[PDB]
C-alpha cells in the first residue's frame, strides 16, 4: 500500500546512512511515488541519457548526422574509455559514441558528444526544451563527478529526471525512430545488473542508465515494463556524507523492490 512504501523507504534511508531520492511514475494512471523527489542530487553518469538524447534530437533534422565521424585521439582519453580506447587513431560516429556512453558509460564518448553539441550548456538547453527546468549540466567528465554537498552544479531532482526520462522514452520529446533507438540503447546497458534491475522480477523488461560518483553517490534511472502492464519510470538517487564513501548499488535495488511491489 502507499503508506507502507513511505515507511519502508524512510527505514531504508536510515539504514543506509545517506540521503535517498526516489521518484516512480506509473504511466498506467500517472500516479507517483515520491521520496525527496524535489531535492537535488548530483546526476553523475545518468546525465549521459539527456546528452545522447540531445544528439538523437538533432538527427530528426540533420539527416545522417548519427553517422558523422569524430576522431579519437590519445589526448581525448579520460579515466574510463572501455570502448573509445579501441578507436585511438581512428574515428567513431555519433551513434557509436552514443552507444558507448550509454551502455558502457564511456566518459570519453560523453565528452566527444558534449564537444559536438557545443558544451554542457546545450544539453541543459535540450532538457529545457522538453520541459525540464531543474536539470543543469555544468561540466564535462570527469569533473561533473565531484558531487559536493550543497553544490547545484551537474544536479537535478528525482522527479524532474523521471518526468524527462518518460517524455524521452514513452512521450513525444523525440520522434519515432529516435525514440526507438534510445529505448534500445537503454535496454542494452551492461552496467545496471546490481542496481534497479537487482530489485525487480527477473522477467520484467528494463532500460536504464547507471551513475556513480564522489560522496558515494550511487544513481540509476530506468524505464520498466512489468509483464504486459503499463510501463513504469523510476529514478533512484543516493548520496552519502563521506567524500570517499563506497557506492551502494544494493540501496538502489532495495528502493526499487519497495516501490515496484505489486506493480
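Positions refer to the first chain, counted from 1.
Asker: Return whichever of 24-32 and 206-214 has the greater mean Cα B factor according to the PDB record.
Answerer: In the deposited entry, the stretch with the higher C-alpha B-factor mean is 24-32.
Asker: Hey, which bit's got the bigger mean C-alpha B factor in the entry, 228-236 or 64-72?
Answerer: If you average the C-alpha B-factors of 228-236 and of 64-72, the larger mean comes out for 64-72.
Asker: Whose C-alpha has the highest temperature factor in the PDB entry: 91, 169, 98, 189?
Answerer: Highest C-alpha B-factor among the listed options: 91.
Asker: When you compare the CA B-factors of 158, 118, 193, 177 as listed in the entry, which one comes out on top?
Answerer: By C-alpha B-factor in the record, 118 ranks first.
Asker: What third of its chain's C-alpha B-factors does residue 5 belong to: lowest, middle or highest?
Answerer: CA B-factor rank for residue 5: highest third.
Asker: Tell me, lowest, middle or highest third: where does the Cα B factor of residue 77 rank within its chain?
Answerer: As the PDB entry reports it, the C-alpha B-factor of residue 77 lands in the highest third of its chain.
Asker: Sort the modelled residues of this chain by their C-alpha B factor and say whether residue 126 lands in the lowest, middle or highest third.
Answerer: Bottom third by C-alpha B-factor.
Asker: When the modelled residues of the chain are sorted by Cα temperature factor, does residue 107 land in the lowest, middle or highest third?
Answerer: Residue 107: CA B-factor falls in the highest third of its chain.
Asker: Comparing residue 114 with the other modelled residues of its chain, is its CA B-factor in the lowest, middle or highest third?
Answerer: Its C-alpha B-factor, which the entry lists for residue 114, ranks in the middle third among residues of this chain.
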